[PDB]
Amino acid sequence: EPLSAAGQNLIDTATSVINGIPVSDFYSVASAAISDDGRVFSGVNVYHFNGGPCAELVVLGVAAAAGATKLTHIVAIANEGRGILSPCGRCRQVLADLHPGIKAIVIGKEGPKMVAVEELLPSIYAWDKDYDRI
Amino acid sequence: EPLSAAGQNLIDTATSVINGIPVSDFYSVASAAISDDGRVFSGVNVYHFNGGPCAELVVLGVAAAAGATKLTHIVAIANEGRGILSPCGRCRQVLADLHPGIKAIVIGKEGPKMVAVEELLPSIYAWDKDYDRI
Amino acid sequence: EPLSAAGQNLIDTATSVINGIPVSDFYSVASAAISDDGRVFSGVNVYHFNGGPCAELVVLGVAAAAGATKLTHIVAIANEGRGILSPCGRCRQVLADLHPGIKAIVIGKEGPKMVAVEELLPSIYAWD
Amino acid sequence: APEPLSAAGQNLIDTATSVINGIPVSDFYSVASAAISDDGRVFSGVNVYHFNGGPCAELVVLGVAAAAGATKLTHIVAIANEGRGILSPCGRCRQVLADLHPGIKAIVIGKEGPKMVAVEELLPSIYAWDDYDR
Ligand SMILES: [Cl-]
Ligand SMILES: [Zn+2]
Ligand SMILES: [Zn+2]
Ligand SMILES: [Zn+2]
Ligand SMILES: [Zn+2]
């Protein structure tokens, strides 16, 4: 699926966010997501060896705090003009479990594409969220 | 150290945030922190078995996105009208490593107290942040 | 890739592990991996809200402790006869970053198949 | 009060030391851990450094112990590579240990030799993970 105007806006928002702060090894990626009501949420990562969140997960916390229950699209943007970063595996899993069908923006052959997170986890592990077990 | 006026405001802010969203197993705690220039940032947790961030780590990402490099105080508040939660061990580590000397607000004998995160990790492990190693 | 004799031996090992221990509130999956020296390492998950490791990550730590530099295959077997579990997304990332080309054993149409971890992360994010 | 290092404690230091010394110096695998169960078996492992929260050595040990059917761990230590010696558990490890192995004693440095400290004492104003439905 090709990048929409809304997707380009997410790229632009996340780029503005990461470029708005000093270059840091700890806070090096911004993410923005849009809700089904059209609100945009953004954040930056927190790098730490105990599993500090990616930018996408910070965005999930910001959206939750705003009561935006349904997120439809999300992108991650690297610092220093480095562009789109695909979601890492952890981000894919958390997004598939908590926001099924959310589309992540990634680099593609003819231009950026918008890919449902489940397609980013072929042969998926689907957490049964009703239980505190794997 | 007894709770300060700014500390009470962080409690009030986090309380307002968590009680402003539907009760959820997954988005169940809010956090608020203040910067050295008086800016207050908030967020909610994202529970997930792959290590979804606590509310405190969402706040760190929000604060970083705003360019607030120095955070001085932080609190976490439970849902359903329910009050202060001390930081978990992971939050203590991340806070100690990334925001040295930040005070966490916790329950105390005469009222809430504000404790330097390092005092919440006796016999501390200090990450040498210059390296991708423990 | 169809399941190999080595992959079946790995499934036997992981199944033996999870079926050999009691029920717990904190674990539910065993994993086993193969090294390019023919070594096999196993472990069970550690469930915790701060990101306790999956079984596969425990296995990586056991491999590392043994000085085992290259792992070629891995599988995760759930308790209660639930069978093979595909790696979760975090496991895929760690495996791709630390053990490029490792094959995860997953369930496909004709039974278990073995799939390079990179194929389990289309449009991959590579840690620099 | 902290207990002085026991013979079993020293055997864990020796185990972790032999483990970490027996492998190539690496930034990804830089710490070994060893723990002893009530049934007297010793379990060991090395950390897996990764930005998605790859486990510390202690967490690997918990998985090793569980796979072996050893449900009760009483003492644990972490030994760093390059003769760097005892590392105290990080904040995440303290939380996981307290929640999963209450009363386990961590071996940490002391002014008069190493001491063995109940992990709850390493988390003043402790956060306890509480849910019967899940
Ligand atoms: Cl984690
Ligand atoms: Zn990520
Ligand atoms: Zn926490
Ligand atoms: Zn996993
Ligand atoms: Zn640790």
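By convention in this document, chain letters (A, B, ...) are assigned in the order of the sequence lines, proteins followed by strands, and residues within each chain are numbered from 1.
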Would a 4.5 Å heavy-atom cut-off, applied to side chains only, mark C:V46 and C:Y27 as touching?
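Answer no - side chains too far apart.
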
Please examine the side chains of A:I11 and A:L3, heavy atoms only from C-beta on, and report whether any two atoms are closer than 4.5 Å.
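A:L3 vs A:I11: side chains touch.
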
side-chain contact (heavy atoms from CB on, under 4.5 Å) evaluation trace for D:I86 with D:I109:
CA-CA 7 Å; D:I86 294 162; D:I109 69 175; 3.9 Å; yes

I need the minimum non-hydrogen distance between [X] and [Y], along with the two atoms involved.
X: A:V62; Y: A:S42; answer: CG2-O, 3.8 Å
X: A:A33; Y: A:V59; answer: CB-CG1, 3.7 Å
X: A:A68; Y: A:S35; answer: CB-CB, 4.1 Å
X: A:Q93; Y: B:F49; answer: CG-CZ, 4.3 Å
X: D:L123; Y: D:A98; answer: CD1-CB, 4.4 Å
X: A:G81; Y: A:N19; answer: N-OD1, 4.4 Å

Can you pull out every side-chain hydrogen bond (donor to acceptor under 3.5 Å, both in side chains) where at least one residue sits in residues 64-81 of chain A? Sequence neighbours excluded, please.
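Every side-chain hydrogen bond (donor to acceptor under 3.5 Å, both in side chains) pair that includes a residue of residues 64-81 of chain A, provided the two are not neighbours, is A:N79-A:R82.
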
Could you grab the distance from atom [atom1] of [X] to atom [atom2] of [Y], nearest 0.5 Å is fine?
X: B:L10; Y: B:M114; atom1: CG; atom2: CE; result: 9.0 Å
X: C:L57; Y: C:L95; atom1: CG; atom2: CG; result: 7.0 Å
X: B:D132; Y: D:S30; atom1: CG; atom2: OG; result: 10.5 Å
X: A:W127; Y: A:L98; atom1: CH2; atom2: CG; result: 7.0 Å
X: B:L60; Y: B:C54; atom1: CG; atom2: SG; result: 10.5 Å
X: A:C88; Y: C:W127; atom1: SG; atom2: CH2; result: 11.0 Å

Audit row: D:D27, D:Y49, side-chain contact (heavy atoms from CB on, under 4.5 Å) steps and yes/no:
CA-CA 8 Å; D:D27 282 359; D:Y49 194 91; over 6 Å; no

Check against side-chain contact (heavy atoms from CB on, under 4.5 Å), D:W129 and C:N50:
CA-CA 10 Å; D:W129 198 15; C:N50 283 346; over 6 Å; no

Main-chain N/O of [Y] paired with [X] side-chain donor or acceptor, under 3.5 Å:
X: B:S123; Y: D:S88; result: no
X: A:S16; Y: A:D12; result: yes
X: D:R92; Y: D:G53; result: yes
X: A:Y125; Y: A:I134; result: yes
X: B:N45; Y: B:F26; result: yes

Determine whether B:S31 and B:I74 satisfy the following criterion, side-chain contact (heavy atoms from CB on, under 4.5 Å), listing intermediate values before the conclusion.
CA-CA 7 Å; B:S31 173; B:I74 190 165; 3.5 Å; yes

Report the residue from D:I104, D:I126, D:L122 that forms a side-chain contact (heavy atoms from CB on, under 4.5 Å) with D:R94.
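Considering D:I104, D:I126, D:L122, a side-chain contact (heavy atoms from CB on, under 4.5 Å) with D:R94 is found only for D:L122.
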
Crowding at CD, D:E121 (>12 non-hydrogen neighbours, <6.0 Å)
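At most 12 heavy atoms, drawn from other residues, nucleotides or ligands, come within 6.0 Å of this atom.
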
